[PDB]
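Everything on this sheet refers to the single structure shown next.
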There are 2 protein chains.
Amino acid sequence: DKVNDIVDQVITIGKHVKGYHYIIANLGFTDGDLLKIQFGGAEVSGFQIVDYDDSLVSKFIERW
Amino acid sequence: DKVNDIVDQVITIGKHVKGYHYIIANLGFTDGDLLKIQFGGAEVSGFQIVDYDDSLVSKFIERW
């Protein structure tokens, strides 16, 4: 939650363009909305614990 | 309406930063939302037919 608030502020002040580099320090990188700071230009990195490429997880989502 | 759609797209692609100059070709410059491309950096100009500085208009708004 606190991440989306910051990300929103970042876009407002325009500090999401090429030159900036953000690192989301949590296990849910794809858990938040990234479509906003995705085309900004600034590189964004993070961590993902739930690999949606695993057939195990992929099957879970199919029912979820 | 078509202006807000464009303005929104402009902010998304980030073409609202310093260096760009937009001119809203209508008689309602303050009729649309400008708070979005206001802090972007790009200069925005337009036209206003309803002068809210006139005591005549100012009185109208007081009741409106």
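Labels for the structure tokens follow display order: chains A, B, ..., residues from 1 in each chain, ligands from 1.
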Neighbours of chain B in chain A at 10 Å, counting only C-alpha atoms, as a PDB file with N, CA and C atoms, in the first residue's frame:
ATOM      1  N   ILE A  11       5.253   9.831  -9.795  1.00  0.00           N
ATOM      2  CA  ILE A  11       4.767  10.159 -11.130  1.00  0.00           C
ATOM      3  C   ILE A  11       4.292  11.606 -11.201  1.00  0.00           C
ATOM      4  N   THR A  12       3.662  12.070 -10.126  1.00  0.00           N
ATOM      5  CA  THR A  12       3.147  13.432 -10.069  1.00  0.00           C
ATOM      6  C   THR A  12       4.269  14.455 -10.208  1.00  0.00           C
ATOM      7  N   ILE A  13       5.324  14.281  -9.417  1.00  0.00           N
ATOM      8  CA  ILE A  13       6.469  15.184  -9.460  1.00  0.00           C
ATOM      9  C   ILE A  13       7.356  14.898 -10.668  1.00  0.00           C
ATOM     10  N   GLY A  14       7.065  13.803 -11.365  1.00  0.00           N
ATOM     11  CA  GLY A  14       7.766  13.465 -12.590  1.00  0.00           C
ATOM     12  C   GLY A  14       9.128  12.829 -12.390  1.00  0.00           C
ATOM     13  N   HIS A  16       9.837   9.805 -12.362  1.00  0.00           N
ATOM     14  CA  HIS A  16       9.694   8.433 -12.828  1.00  0.00           C
ATOM     15  C   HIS A  16      10.207   8.297 -14.255  1.00  0.00           C
ATOM     16  N   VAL A  17      10.923   9.317 -14.719  1.00  0.00           N
ATOM     17  CA  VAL A  17      11.472   9.318 -16.067  1.00  0.00           C
ATOM     18  C   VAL A  17      12.859   8.688 -16.086  1.00  0.00           C
ATOM     19  N   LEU A  35       1.740  -0.608 -14.003  1.00  0.00           N
ATOM     20  CA  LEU A  35       1.377  -0.034 -15.295  1.00  0.00           C
ATOM     21  C   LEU A  35       1.573   1.478 -15.331  1.00  0.00           C
ATOM     22  N   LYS A  36       1.616   2.099 -14.157  1.00  0.00           N
ATOM     23  CA  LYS A  36       1.754   3.547 -14.066  1.00  0.00           C
ATOM     24  C   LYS A  36       3.196   4.022 -14.252  1.00  0.00           C
ATOM     25  N   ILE A  37       4.126   3.417 -13.518  1.00  0.00           N
ATOM     26  CA  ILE A  37       5.542   3.751 -13.665  1.00  0.00           C
ATOM     27  C   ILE A  37       6.247   2.787 -14.613  1.00  0.00           C
ATOM     28  N   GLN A  38       5.482   2.201 -15.528  1.00  0.00           N
ATOM     29  CA  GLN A  38       6.022   1.231 -16.470  1.00  0.00           C
ATOM     30  C   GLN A  38       6.541   1.908 -17.735  1.00  0.00           C
ATOM     31  N   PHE A  39       5.837   2.944 -18.179  1.00  0.00           N
ATOM     32  CA  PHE A  39       6.204   3.646 -19.403  1.00  0.00           C
ATOM     33  C   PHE A  39       6.887   4.976 -19.105  1.00  0.00           C
ATOM     34  N   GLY A  40       7.104   5.252 -17.823  1.00  0.00           N
ATOM     35  CA  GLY A  40       7.740   6.488 -17.404  1.00  0.00           C
ATOM     36  C   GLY A  40       9.158   6.632 -17.922  1.00  0.00           C
ATOM     37  N   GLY A  41       9.921   5.547 -17.852  1.00  0.00           N
ATOM     38  CA  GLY A  41      11.298   5.556 -18.310  1.00  0.00           C
ATOM     39  C   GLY A  41      12.262   5.103 -17.233  1.00  0.00           C
TER      40      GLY A  41
END
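Going from CA of residue 4 (chain B) to CA of residue 32 (chain B) covers 6.9 Å.
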DSSP on the backbone: which residues in chain B end up as strand (DSSP E)? Give the answer as a VMD selection string. chain B and resid 21 to 24 43 to 46
Quick one: DSSP helix (DSSP H, G or I) residues in chain B, as a list in words?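 Answer for chain B, restricted to helix (DSSP H, G or I): residues 2, 3, 4, 5, 6, 7, 8, 9, 10, 11, 12, 13, 55, 56, 57, 58, 59, 60, 61, 62 and 63 of chain B.
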Within 12 Å of region 52-64 of chain B using only C-alpha atoms, minus same-chain residues under 3 positions, as a VMD selection string: chain B and resid 28 30 to 31 48 to 49
Selection file, N, CA and C atoms, as a JSON list (two decimals), in the first residue's frame:
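The file below, selection.json, is the result:
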[["chain", "number", "residue", "atom", "x", "y", "z"],
["B", 28, "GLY", "N", -12.83, 27.54, -23.40],
["B", 28, "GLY", "CA", -12.92, 27.07, -22.03],
["B", 28, "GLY", "C", -11.62, 26.47, -21.53],
["B", 30, "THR", "N", -10.15, 27.01, -18.52],
["B", 30, "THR", "CA", -10.26, 26.60, -17.12],
["B", 30, "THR", "C", -11.43, 25.64, -16.92],
["B", 31, "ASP", "N", -12.11, 25.29, -18.00],
["B", 31, "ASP", "CA", -13.25, 24.39, -17.94],
["B", 31, "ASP", "C", -12.81, 22.94, -17.71],
["B", 48, "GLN", "N", -9.80, 31.92, -22.51],
["B", 48, "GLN", "CA", -10.91, 31.97, -21.56],
["B", 48, "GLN", "C", -11.87, 33.09, -21.93],
["B", 49, "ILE", "N", -13.14, 32.75, -22.08],
["B", 49, "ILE", "CA", -14.16, 33.73, -22.45],
["B", 49, "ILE", "C", -14.94, 34.20, -21.23]]
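The space between CA of residue 20 (chain A) and CA of residue 20 (chain B) spans 20.7 Å.
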Spatial neighbours of residue 29 (chain A), max dist 10 Å, only C-alpha atoms, sep filter under 3 positions, as a PyMOL selection string: chain A and resi 23-26+32-34+44-50
With C-alpha atoms retained, could you export that selection as a short mmCIF file (atom, residue, chain, number, x, y, z; two decimals), in the first residue's frame?
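Contents of result21.cif, freshly written:
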data_model
loop_
_atom_site.label_atom_id
_atom_site.label_comp_id
_atom_site.auth_asym_id
_atom_site.auth_seq_id
_atom_site.Cartn_x
_atom_site.Cartn_y
_atom_site.Cartn_z
CA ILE A 23 13.86 -0.99 -5.97
CA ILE A 24 10.71 -2.35 -4.33
CA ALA A 25 11.99 -4.09 -1.20
CA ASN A 26 9.24 -6.69 -0.80
CA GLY A 32 1.22 -3.79 -6.89
CA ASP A 33 0.19 -1.68 -9.87
CA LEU A 34 3.20 -1.10 -12.13
CA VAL A 44 12.14 -0.40 -11.56
CA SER A 45 13.37 -3.59 -9.91
CA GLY A 46 12.00 -5.82 -7.16
CA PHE A 47 11.49 -9.32 -5.80
CA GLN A 48 8.91 -12.02 -6.54
CA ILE A 49 8.33 -15.07 -4.34
CA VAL A 50 5.29 -16.41 -6.18
#
Quick one: distance from CA of residue 21 (chain B) to CA of residue 18 (chain A) in Å, one decimal? 20.3 Å
